[PDB]
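The chain contents come next:
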There are 2 protein chains.
Amino acid sequence: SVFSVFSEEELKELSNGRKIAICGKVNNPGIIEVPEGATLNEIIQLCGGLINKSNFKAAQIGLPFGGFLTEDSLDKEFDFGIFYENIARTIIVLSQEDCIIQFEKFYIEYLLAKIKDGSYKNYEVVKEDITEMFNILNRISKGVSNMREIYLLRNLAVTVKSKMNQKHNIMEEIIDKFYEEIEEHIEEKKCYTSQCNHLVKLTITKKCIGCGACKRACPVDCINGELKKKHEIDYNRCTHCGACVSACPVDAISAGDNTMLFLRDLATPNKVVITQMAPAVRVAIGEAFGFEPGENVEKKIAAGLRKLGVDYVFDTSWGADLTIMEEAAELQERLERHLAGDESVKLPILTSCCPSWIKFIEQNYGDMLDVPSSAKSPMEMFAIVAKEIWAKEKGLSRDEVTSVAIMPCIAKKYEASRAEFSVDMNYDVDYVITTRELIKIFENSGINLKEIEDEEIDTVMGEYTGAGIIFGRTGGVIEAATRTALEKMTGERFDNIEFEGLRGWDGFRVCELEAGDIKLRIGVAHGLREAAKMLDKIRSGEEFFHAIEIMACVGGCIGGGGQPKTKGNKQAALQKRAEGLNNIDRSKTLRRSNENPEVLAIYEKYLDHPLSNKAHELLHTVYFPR
Amino acid sequence: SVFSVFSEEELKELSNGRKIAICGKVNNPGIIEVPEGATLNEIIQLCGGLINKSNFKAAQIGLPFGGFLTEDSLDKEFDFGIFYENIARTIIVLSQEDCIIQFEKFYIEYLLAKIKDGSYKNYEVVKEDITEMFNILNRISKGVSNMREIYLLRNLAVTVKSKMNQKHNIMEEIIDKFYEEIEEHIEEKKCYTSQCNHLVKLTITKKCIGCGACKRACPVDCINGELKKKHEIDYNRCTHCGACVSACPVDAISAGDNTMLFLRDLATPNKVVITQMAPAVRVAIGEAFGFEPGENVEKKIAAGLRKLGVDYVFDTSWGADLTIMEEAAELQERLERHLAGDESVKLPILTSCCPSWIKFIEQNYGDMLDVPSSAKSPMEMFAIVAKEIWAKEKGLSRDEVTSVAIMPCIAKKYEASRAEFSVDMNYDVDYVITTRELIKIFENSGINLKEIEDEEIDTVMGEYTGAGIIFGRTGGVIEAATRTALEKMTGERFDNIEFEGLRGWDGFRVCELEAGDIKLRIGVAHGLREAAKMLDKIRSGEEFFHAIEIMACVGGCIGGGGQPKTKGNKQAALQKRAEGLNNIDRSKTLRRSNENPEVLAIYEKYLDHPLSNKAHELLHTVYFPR
Ligand code: 402
Ligand code: 402
Ligand code: SF4
Ligand code: SF4
Ligand code: SF4
Ligand code: SF4
Ligand code: SF4
Ligand code: SF4
Ligand SMILES: [Zn+2]
Ligand SMILES: [Zn+2]
């Protein structure tokens, strides 16, 4: 969109007269007259500087590419003549917030959008080559590329430059100048500007005050730094749990921002945008709008999303019910293969819904990848169902539906960016919007959840049970799994559906269940330190468990890194959020995941039953050692 | 090709009269009249049985798919009426040597080849759907698929069945009947019939006599079994070193066979087929044709390949020279970063040319993946150069060149099948032919290397030096690296280019070099047990090394699993092969890899220098933990 700011008529009206058009990261894009004695930095100052005081990165010359200016030309006087022939007297300014891969992808999209009509008709000859460049760059931005694709890009740039008779080629100059950025993108899977939402790493920005709170809160000691000076996160060992983000008092820890992508997706005509809301979002987002912690404002969130333009507002608790339907069956199978089976079974089964815990177990303790449940997280279950069933039966391909996840978690971005959750470069979750980002969007759009009217959530993939809503707090996943599993194992319905002992706030909680003729020993872990301790206990064998639920954040997803900062006592606020989830559970007529009519309909119409072939193919995934 | 055995006229001439056409795995394909009382097994017996006494797997009904028969119908009488309408009275027989994925890929290729002309014109509507099925099946056969692709195939089969008004769909029935085979292909990356050359696992066949030689020779204790009964290889922990294959007296250990693929590729018109020959092949293939071990018959091999139809006969020793040019520069860089540098450097550098050793270090000791050289093996260096430079400059795309590697190694098939060595599903090495397979091809084609005339190897990618030819025997890689590196480090040329101490037959050999003002401590390992021992010593720190060359086979590639079985004393025969390689080295005017004119031309024209950006992108790769 940065390449369509100025029209061709108003660009060509600047053929002579020293007036130039300026866009990009300038505060006030427009057409200004550069004075006689003026440098590039003085031009930027005449434009009002850059968006967020970011340093200058590069500057494209003309809508038809005419080279990049760099920091070496920043202090030098602006030399004319760079607008040699058939190039508009315009500059697109790049700051340290611009990824060169994303910039070139946008440039190729702009070229293709011109070729689709009469403009830039001579570019039809290089259409296939620029399309292949776009595919390679998309693979780079998705982290599914290789080093040899740079050589392929070199060859493509050579081919396009020769047959276009152009003295500057954007691919060739990008390889020459930002090779370090391209190499970082490919080898490190890291986008240092965080524009590639699939390559986002937690980076401490320059506004760090060096208080050490992030270092203290880090469970894996991934953060190095000293008092009163900037800290650094080792993204290689980072689990993306987001504890540092919550602990940071100055919001110096960034993990990307898909707000711009979400706004463009909503404003794009004929683009179907659907959203799924995590359980913990509805009990924390109201604190910014004047609600007490634990108040259920999911109706207000749905109304705000629909006002923003979301076509379908759904709930991740539906996917939570589906995940429980899979996981309880898996637990029953592994329990039957333990009593009447043999040693080939693996116990305890571990919840796989937390992506930070999955990343932790894939990085450290890589030999335990077959212990956690193969079932996908509720977000990914919902996403794959929506892409493969709901959209298919309403006549939309996977590329025609934009599935946005509203999550309280930093690591949900990484989970959505994982390659196995994608088909033909189309990911099941297009991107993740945090609770903080949604709060900012609502505030900037004038939406106030306190006074907005109530709106219903779409029922086809938004209907959920109290077992599915308790996911957002610690112990809820295992409580729902127990609710669904023990009732079918014993044959009778429990009078008290709430299982005490699984609840509480201890770092690790042990519960023993005596229902029926089978005894289940259940563990719950709050943080990644507790997860590591219980993994060590599992390896030692000093204590035994039948099923363990693991969370990366203290208190569950209500304490997630994407949640708004709490007020007063953090423990009290998190407990209030958990109690709000419990009240939502108590207010629901259906409190068992297997009673969910929509999930049952999915099973009877599309799959066959939990742990069937189709159920495995869609709702189950695999892990990879790191 | 199995679907084009009978013409449409001779298939439709069997409309009535009980005569049926039979092809597939039958010994004598043709048209026979089934008697009144006859079962499917009796029909197969009337056809002469199956090719290699393999068990019956399935039977396709009609060239237009009309269902699969299975073992349950094998003992039952052949029921007519299965040729309902618009289907030829023919059966294609599948044995236990037929992969269902390959069979369906061939069926879709046959359908597309019909659609390209007037026949099967009504199938044009499902062309895109069957093409997507073919792409999914190709991804499955290449090991780059997922479980959800089975759900995609289900949807595609539903779509094609409905709009074709067909009562049998091959994709739907394959999912129903061979789901276990499909699941094995996807999850285990294993083709139990070994038809998918990218998913080949070493499998002990039924002709095992249980002598235990494979179990004794296995370095990682991967083989289980008892005396006088069949043994089994745990392909998950298998390193593909091929020691068991060499030790097997009855050839019961199979690792696939690309002979049929090679023959079809050679017989295909307008198909450019090129070959690269490993150094160890030329000193061992003559033993089967009446030459003493160590005799250089590369001229005879080139003549035989050209008679078979190979368009370009090249040498892997050229890629060995290129690999030395990269590796000596890398060793120099890491040595300079050790003396004048700091602890961030990693020593000793380990050779990465052996794929079995690479698989061993990726499976066990997964934290050491950054220790071995990032440089590709000579085979992959040659393959990527041929695909990206030679073919590009002679006007051939990567899909128009069939690059065949003639190797003495089982693990070379796995290396060629690795996904990182491919672009857009086109692998740099299309497939690997072993020395035994080439011997069988020559014998079956009437080619006798003893009396065939001499022919020159193509010089553009076949010219090589004595440093490149010694690769095939133990210590040769490190000897060539030393030859290229020490001369540039010291500035003067050595009078004696052969480095003693690196040669010999000890399991682990330690050599200390005092040339110049720098001292290099070099280790060489024969087998994977020695490699594991030296890894343990490296971790302990009891001894230090500067560079270590690792081989998986005793004696180097001359003792590779794909080599013909030796006669007399195995040690004496392997030493004779090594001495033959040494004599070839001594007979060459150029004995340093950096003197190779073709490699130098590649560096000055296409790359820039060793360890440049383009050199890294093309000739360097990465490893993945398992
Ligand atoms: N996927 C998923 Fe979860 C669900 O349902 C929601 O989205 Fe959590 C919340 N709230 C988050 O973030 S993830 C871990 N399991 C417990 S809750
Ligand atoms: N790649 C490669 Fe090798 C080379 O050159 C050849 O092909 Fe070997 C042989 N002979 C094999 O097999 S691999 C290991 N390094 C030594 S030699
Ligand atoms: S995210 Fe969790 S792991 Fe990564 S730095 Fe912040 S605290 Fe440490
Ligand atoms: S918490 Fe925020 S401010 Fe305090 S040190 Fe860590 S990053 Fe810098
Ligand atoms: S606990 Fe919930 S919030 Fe914290 S990381 Fe795991 S999933 Fe995201
Ligand atoms: S190949 Fe090497 S590793 Fe695999 S079984 Fe034969 S001997 Fe053991
Ligand atoms: S060597 Fe061949 S025959 Fe002897 S046991 Fe191993 S596999 Fe069976
Ligand atoms: S040594 Fe040569 S033959 Fe034996 S495995 Fe390694 S590469 Fe293949
Ligand atoms: Zn990026
Ligand atoms: Zn197969």
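These residue numbers run from 1 along each chain by written sequence and may not equal the entry numbers. Residues without coordinates are not shown. Starting at A for chains and at 1 for ligands, labels are handed out in the order in which the entities are written. Note that the side-chain values use all heavy atoms of the structure and ignore hydrogens as well as water.

What the deposited record gives as its method is cryo-EM, and the resolution it gives is 2.21 Å.

This paragraph deals with the side chain of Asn138 of chain A. All names here are of chain A. Segments assigned H or I by DSSP are reported as helices when at least four residues long, segments assigned E as strands when at least two residues long, and all are numbered from the N terminus. The residue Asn138 is located in helix α4 (residues 127–141) in this model. As used in this structure description, the phrase polar contact means that two N or O atoms lie within 3.5 Å; if the pair is within protein, one of them must be able to donate a hydrogen and the other to accept it, and residues adjacent in sequence are counted only when both atoms belong to side chains. Side-chain polar atoms of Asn138 contact the side chain of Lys105, separated by 3.2 Å. When checking whether two residues touch, look at their non-hydrogen atoms; a contact exists if any pair is within 4.5 Å. Apart from residues no more than four positions distant in its own chain, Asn138 is found in contact with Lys105 and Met425.

Start and end points for every domain follow an automatic or database-based domain assignment. One can read the domain layout of chain A as domain 1 (2–179) and domain 2 (268–626). The C-alpha-based centres of domain 1 of chain A and domain 2 of chain A are spaced at 43 Å.

Contact residues are listed per partner, giving 30 residues for chain A and 30 residues for chain B. Basic side-chain nitrogens of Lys or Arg form a salt bridge, by our definition, when they fall within 4 Å of a carboxyl oxygen of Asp or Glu. Here chain A and chain B share 6 salt bridges between them. The closest approach of N and O atoms between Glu617 of chain A and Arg154 of chain B, which form a salt bridge, is 2.9 Å. Run the count over chain A and chain B and you get 10 residue pairs in polar contact. Taken together, the elements giving at least two residues each to the side of chain A that touches chain B come down to α4, α5 (148–164), α14 (378–393), β14 (422–423) and α22 (613–619) of chain A. Counting residues per element, the side of chain A that touches chain B draws most heavily on α5 of chain A, which supplies 7 residues. Along the lines of polarity and charge, the residues of the side of chain A that touches chain B split into 12 nonpolar, 4 polar and 14 charged. Put simply, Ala, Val, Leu, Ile, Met, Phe, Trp, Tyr, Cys and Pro go in the nonpolar bin, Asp, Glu, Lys and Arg in the charged bin, and everything else, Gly too, in the polar bin.

All names here are of chain A. With 6 of 6 residues buried, strand β3 (residues 56–61) is to be regarded as a mostly interior element. Pairing of β3 with strand β5 (residues 90–95), which is carried by 5 bridges, proceeds in the antiparallel orientation. Considered in β5, the bridge of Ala59 is made with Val93. Strand pairing requires that DSSP identify at least two bridges connecting the strands. Examined bridge by bridge, β3 and strand β4 (residues 68–69) share 2 bridges and lie antiparallel to one another. Bridge pairing in β4 places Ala59 opposite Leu69. In textbook terms, the turn of a hairpin is the stretch between consecutive antiparallel strands, and for β3 and β4 this stretch comprises 6 residues, one of which, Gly62, has a positive phi near 75 degrees. Exposed residues in this analysis have more than 50% of their type's maximum accessible area, buried residues have under 20%, and partly exposed residues fall in between, with area computed by a 1.4 Å probe over protein chains only.

All right, on to the UniProt feature "binding site: [4Fe-4S] cluster 2" (unreviewed entry) in chain A then. Residue and element names in this part refer to chain A. UniProt positions are given in the numbering used here, feature names are shortened, and annotations may be inferred rather than shown by experiment. With numbering matched to this structure, UniProt assigns "binding site: [4Fe-4S] cluster 2" (unreviewed entry) to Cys218, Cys238, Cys241 and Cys244. The largest pairwise C-alpha distance within this set of annotated residues, which runs over 27 residues, is 10.6 Å, so the set is compact in three dimensions. Overall, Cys218 belongs to the buried group, its relative accessible area being 8%. Setting aside residues no more than four positions away along its own chain, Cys218 makes contact with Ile223 and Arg529. The residue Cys238 is located in the loop between β8 (232–233) and α9 (243–247) in this model. Every residue in contact with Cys238, bar those within four places of it in the chain, is listed here: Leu202, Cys222, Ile233, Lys359 and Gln363.

All names here are of chain A. A donor here means an N, O or S atom no more than 2.8 Å from the metal, or no more than 3.2 Å when the metal is Na, K or Ca. Since water is not included, a site may seem to lack partners. All of the protein donors around the zinc ion (ligand 9) are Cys99 (SG), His185 (NE2), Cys191 (SG) and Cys196 (SG); their distances to the metal are 2.1 to 2.3 Å. What the 4 donor atoms of the zinc ion (ligand 9) show is an angle range of 87 to 132 degrees at the metal, which sorts the shape as tetrahedral. Along the chain, the residues donating to the zinc ion (ligand 9) are arranged with the sequence spacing C-x85-H-x5-C-x4-C. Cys191 carries the same exposure label as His185, and that label is buried. A four-donor site is called tetrahedral if each angle lies between 85 and 135 degrees; a four-donor site is square planar, and a six-donor site octahedral, when trans pairs exceed 155 degrees and the remaining angles lie between 65 and 115; all other cases are labelled irregular.

In this section: helix α21 (residues 597–605) of chain A. Residue and element names in this part refer to chain A. Every buried residue of α21 is accounted for by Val599, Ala601, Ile602 and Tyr603. Those residues of α21 that are buried are in contact with α12 (316–341), α14 and α22. Where α21 begins, the side chain of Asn596 points an oxygen toward the backbone nitrogen of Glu598, at a separation of 3.2 Å.

All names here are of chain B. Whether a residue is near a molecule or strand is decided by its heavy atoms; if any one of them lies within 4 Å of it, the residue is near. Close to ligand 2 lie 19 residues; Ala280, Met379, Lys412, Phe471 and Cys557 are nearest. Within the contact set of ligand 2, a nitrogen atom lies 3.0 Å away from a backbone nitrogen or oxygen of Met379. When the residues that make up the shell around ligand 2 are grouped by side-chain class, the tally is 15 nonpolar, 3 polar and 1 charged.

It is worth spelling out the pattern of salt bridges at this point. Counting across every chain of the model gives 90 salt bridges over all chains. With its nearest N and O atoms 2.9 Å apart, the salt bridge here joins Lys177 of chain B to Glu173 of chain B. Pair noted here: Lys177 of chain B and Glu173 of chain B are both in helix α6 (residues 170–177), with a separation of 4 residues, about one helical turn. By relative accessible area, which is 28% here, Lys177 of chain B ends up partly exposed. Between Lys387 of chain B and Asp430 of chain B there is a salt bridge, with its nearest N and O atoms 3.4 Å apart. With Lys387 of chain B in helix α14 (residues 378–393) and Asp430 of chain B in the loop between β15 (426–427) and β16 (431–434), this pair connects stretches of sequence that are 43 residues apart. For the pair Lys387 of chain B and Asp430 of chain B, one class covers both residues: buried. A single network of salt bridges, built from pairs that share partners, joins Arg473, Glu479, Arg483, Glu498, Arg503, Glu579, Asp585, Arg586 and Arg591 of chain A.

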